[PDB]
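Report on the following structure.
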Amino acid sequence: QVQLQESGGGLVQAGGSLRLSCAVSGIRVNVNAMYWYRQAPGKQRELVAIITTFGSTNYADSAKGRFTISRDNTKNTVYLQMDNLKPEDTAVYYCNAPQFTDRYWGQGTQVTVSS
Amino acid sequence: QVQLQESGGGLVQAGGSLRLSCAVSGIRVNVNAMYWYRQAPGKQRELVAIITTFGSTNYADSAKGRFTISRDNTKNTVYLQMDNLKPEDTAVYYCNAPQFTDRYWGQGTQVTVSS
Amino acid sequence: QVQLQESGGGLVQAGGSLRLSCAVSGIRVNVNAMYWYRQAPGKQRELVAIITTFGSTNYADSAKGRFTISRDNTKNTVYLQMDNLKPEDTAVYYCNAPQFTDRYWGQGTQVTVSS
Amino acid sequence: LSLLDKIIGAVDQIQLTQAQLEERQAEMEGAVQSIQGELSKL
Amino acid sequence: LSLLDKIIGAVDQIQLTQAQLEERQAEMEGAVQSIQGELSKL
Amino acid sequence: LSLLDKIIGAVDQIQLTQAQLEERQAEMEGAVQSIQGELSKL
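Residue numbers (the entry's author numbering), protein chains in the order written: chain B, 2 to 116; chain B', 2 to 116; chain B'', 2 to 116; chain A, 57 to 98; chain A', 57 to 98; chain A'', 57 to 98. A prime marks a further copy of an entry chain.
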């Protein structure tokens with residue numbers, strides 16, 4: 002199976018920073034493009050950030066220069082650094098690979114930003 | 002042109018098995034991902050199974066572990082093994098490559114499953 | 002940034018020919034698939050022609066054998082030869098790479114075909 | 057893990073994803089055609 | 057037929073397919089916008 | 057510029073484009089679901 006273990010969420014003040022982690026098993030992060038998504042209560046799942054196999058990145062407009070996706074190939078782990086957080090960033094954050102989004106989602110990590 | 006010559010359909014009893022073949026010309030099956038589709042009367046064409054260039058497979062939920070796609074690179078032929086057939090599998094079955102689905106379809110092979 | 006500098010449009014008689022150019026900076030045309038689009042007044046943008054990294058081509062049905070996309074790797078320039086032009090081909094023509102169509106469009110080149 | 061292994065695994069991911077994006081499109085094209093029929097009927 | 061020939065042909069198939077999936081999306085985005093306009097008019 | 061550099065850059069373009077086509081699909085799937093809800097409400 003593919004395992005996705007998200008962590009690093011919590012309660013953070015507005016203007017604060019977080020670094021999310023997703024520890025992956027069953028596929029290699031240096032072979033596969035990897036995505037971060039978020040889902041706020043009662044809303045549709047939103048793509049947040051992507052990193053390609055060869056390390057190019059793109060971000061949703063809501064990130065607007067605040068977020069940085071990266072990975073550690075040895076730990077087979079994907080990261081999302083989130084700076085200057087806003088209440089509107091409150092959501093559960095999920096990591097996945099595009100070929101499995103129809104198949105499996107991990108538990109996610111809760112991010113709550115308060116003013 | 003690309004040629005697609007489907008065979009191996011027929012009349013089969015429920016719980017029976019078939020092996021469909023598509024003999025391909027004009028593209029190489031060991032270079033191209035290849036797809037099997039089916040179309041029941043008056044319904045939209047459904048993707049059934051895919052095999053990638055490097056041999057990964059995926060199946061529609063209706064296959065649910067019953068179908069196996071494979072190929073022979075020397076014969077340039079794609080196969081669909083279909084086990085534990087059901088009346089609901091009655092359709093014309095077609096093979097194609099994704100870049101030609103807007104362009105050309107072969108005659109297909111009729112599969113009829115009776116109880 | 003990516004720069005796209007379109008030229009070669011103008012006023013042409015029906016049955017005439019044009020050769021459009023797009024001079025590209027910031028990505029290599031021999032590494033990236035490149036597209037030509039057109040947009041007539043008040044209509045949606047239409048894909049016209051594509052050339053893949055390894056030089057395969059495809060055309061919209063409206064081209065119907067009249068258009069030829071090509072490139073010069075040294076000049077990092079993409080071309081669209083348009084033969085047997087018709088009034089219905091009047092539009093602004095744009096070149097882009099698929100990964101930037103959500104991001105940036107050049108000024109285009111105006112093509113007007115009169116009878 | 058060689059460069060070719062990375063390229064092969066990227067290509068394989070892409071091909072799997074392309075088949076899924078096609079299936080999603082076909083599902084949505086049926087849904088849009090059903091809406092168009094509803095808005096077009098006599 | 058080498059491994060690089062296989063990779064090249066896979067990449068070429070993928071790029072052709074991506075252009076077709078984009079064209080289909082654009083066609084469907086126009087159709088959805090037309091429905092949205094129909095349901096939104098006064 | 058080697059053949060492998062060309063392949064790598066093609067793969068990278070494709071992966072970026074696939075993520076964008078997915079985002080567009082998700083946007084359009086929400087729009088279609090909203091229309092379906094409008095045509096289905098009591």
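Even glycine gets a Cβ: it sits at the ideal position worked out from N, Cα and C.
| query | Who are the Cβ neighbours of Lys97/A' in its own chain at under 8 angstroms, not counting the five residues just before and after it? | reply | none
| query | Pairing CB atoms from the stretch 52 to 63 of chain B with CB atoms from the stretch 67 to 74 of chain A'', are three or more of them under 8 angstroms? | reply | yes
| query | Just curious, the alpha helix (DSSP H) that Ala66/A' is in, first and last residue? | reply | 59 to 96
| query | Just how far apart, CA to CA, sit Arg29/B and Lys62/A? | reply | 9 angstroms
| 7 angstroms CB neighbourhood of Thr91/B'' in its chain, flanking five on each side removed | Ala41, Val112, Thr113, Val114
| said: Along the stretch 34 to 67 of chain B', where does the CB come closer than 9 angstroms to a CB of chain A'? Name the residues. | reply: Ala34, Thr53, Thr54, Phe55
| Within chain A'', the residues that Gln74/A' reaches when beta carbons sit closer than 8 angstroms | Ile70, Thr73, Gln74, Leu77
| task | Have a look at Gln108/B'' and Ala34/B' and give me their C-alpha separation to the nearest angstrom. | result | 38 angstroms
| said: Give me, in chain order, the residues of the same chain whose beta-carbon lies closer than 6 angstroms to that of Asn77/B'; leave out the 5 immediate sequence neighbours on both sides. | reply: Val25, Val30
| query | To the nearest angstrom, how far is it from the Cα of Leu60/A to the Cα of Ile91/A'? | reply | 47 angstroms
| message | Does any residue of chain A' have a CB that is nearer than 8 angstroms to the CB of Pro88/B''? | response | no
| query | Are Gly27/B'' and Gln6/B'' touching if we call contact CB-CB under 8 angstroms? | reply | no
| message | So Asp103/B contacts chain A; which residues on that side make the cut at Cβ distance below 7 angstroms? | response | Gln76
| field | Alpha-carbon to alpha-carbon, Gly16/B'' and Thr73/A'' | value | 36 angstroms
| query | Mind checking whether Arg67/B'' and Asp84/B'' have CB atoms under 8 angstroms apart? | reply | yes
| Mind checking if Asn31/B is an interface residue toward chain A, Cβ cutoff 8 angstroms exclusive? | yes
| So which residues of chain B' does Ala87/A' contact, with C-beta pairs closer than 9 angstroms? | By Cβ distance, chain B' contributes nothing, its closest Cβ being about 16 angstroms from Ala87/A', past 9 angstroms.
| request: Just confirm the distance between the C-beta atoms of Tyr36/B'' and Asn97/B'', as a whole number of angstroms; I'd bet it's less than 8 angstroms. | output: 6 angstroms
| request: May I have the straight-line CA-CA distance separating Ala75/A'' from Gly43/B, to the nearest angstrom? | output: 23 angstroms
| message | Using beta carbons (cut-off 8 angstroms, strictly below), is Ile63/A'' in contact with chain B? | response | no
| query | At a CB-CB cut-off below 8 angstroms, which residues of chain A'' make contact with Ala66/A? | reply | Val67, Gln71
| query | Going by other Cβ atoms of all chains shown within 10 Å of its Cβ, with 16 needed for buried, is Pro99/B buried or exposed? | reply | buried
| message | Is there a C-beta anywhere in chain A' that falls below 8 angstroms from the one on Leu59/A''? | response | yes
| said: Mapping the DSSP letters down to three states, classify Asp73/B' as helix, strand or coil. | reply: strand
| task | Can you grab the Cα-Cα spacing for the pair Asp62/B / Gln71/A'', in whole Å? | result | 18 angstroms
| field | Nearest neighbour of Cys23/B, chosen from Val32/B, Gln45/B, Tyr80/B, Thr58/B [CA to CA] | value | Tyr80/B
| message | When you compare the CB positions of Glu79/A' and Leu86/B'', do they come within less than 8 angstroms of one another, or not? | response | no
| Are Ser8/B' and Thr75/B' closer than 8 angstroms when you measure CB to CB? | no
| query | Does the Cβ-Cβ distance between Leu21/B' and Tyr94/B' come in under 8 angstroms? | reply | yes
| Same chain, Cβ closer than 7 angstroms to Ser116/B, neighbours up to 5 away in sequence not counted | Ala15, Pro88
| Contacts of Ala98/B in chain A (Cβ-Cβ under 9 angstroms) | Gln69, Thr73
| For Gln82/B', which residues from the same chain have a beta carbon less than 6 angstroms from its beta carbon, with the 5 sequence-adjacent residues on both sides left out? | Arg20, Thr69
| Does the separation of the CB atoms of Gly93/A and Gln45/B' fall below 8 angstroms? | no
| query | Secondary structure at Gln4/B'', three-state DSSP: helix, strand or coil? | reply | strand
| query | Given a threshold of 16 other Cβ atoms within 10 Å of its Cβ, counted over all protein chains shown, does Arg104/B' qualify as buried or as exposed? | reply | exposed
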